[PDB]
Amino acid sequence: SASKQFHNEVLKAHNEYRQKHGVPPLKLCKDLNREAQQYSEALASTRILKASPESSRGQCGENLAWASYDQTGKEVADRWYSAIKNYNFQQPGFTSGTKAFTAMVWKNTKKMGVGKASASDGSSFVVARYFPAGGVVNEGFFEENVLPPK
């Protein structure tokens, strides 16, 4: 299906970048797909483009993406990865402008899910969920989980 293709494309792109950053692949998780899909549908209804409540996604991280057209899996992953531009490997740690990249490559994250919903205006809202959550702000965590590119 279109949904299965989109999931696989997002995952394959994540795993390419994870290999470049020396960490193991992610696997897709059906329940994470379903929760991501649910939030993508909420976004396509309300258009309120901001992170879901933490309480709604026990222990998961999140990435979001929007465009005025139907987004491909590769596009979404490449655009999240591009946040690497703001990351300084000599100063490991959380910043908002790098979260989309650090979530993708976080060593200890094992599984992901992704969803996408169209709005009536033709735009699409995409949500990815990561388990266990990455980017936890604790001394040593970023240096151990966000590795430089090969």
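Throughout, we count residues from 1 along the sequence that is shown.
Colleague: For the C-alpha atoms alone, is the average B factor greater in 33-41 or in 91-99, going by the entry?
Modeller: Comparing 91-99 with 33-41, the higher mean C-alpha B-factor belongs to 91-99.
Colleague: Higher mean Cα B-factor in the deposited model: 140-148 or 1-9?
Modeller: The stretch with the larger mean CA B-factor is 1-9.
Colleague: Between 108, 55, 120, 63, where does the Cα B-factor run highest in the record?
Modeller: Going by the entry's C-alpha B-factors, 55 comes out highest.
Colleague: Using only modelled residues of the chain, where does the Cα B factor of residue 116 rank: lowest third, middle third or highest third?
Modeller: According to the entry, residue 116 has a C-alpha B-factor in the chain's lowest third.
Colleague: Residue 25: which third of its chain by C-alpha temperature factor?
Modeller: Residue 25: CA B-factor falls in the lowest third of its chain.
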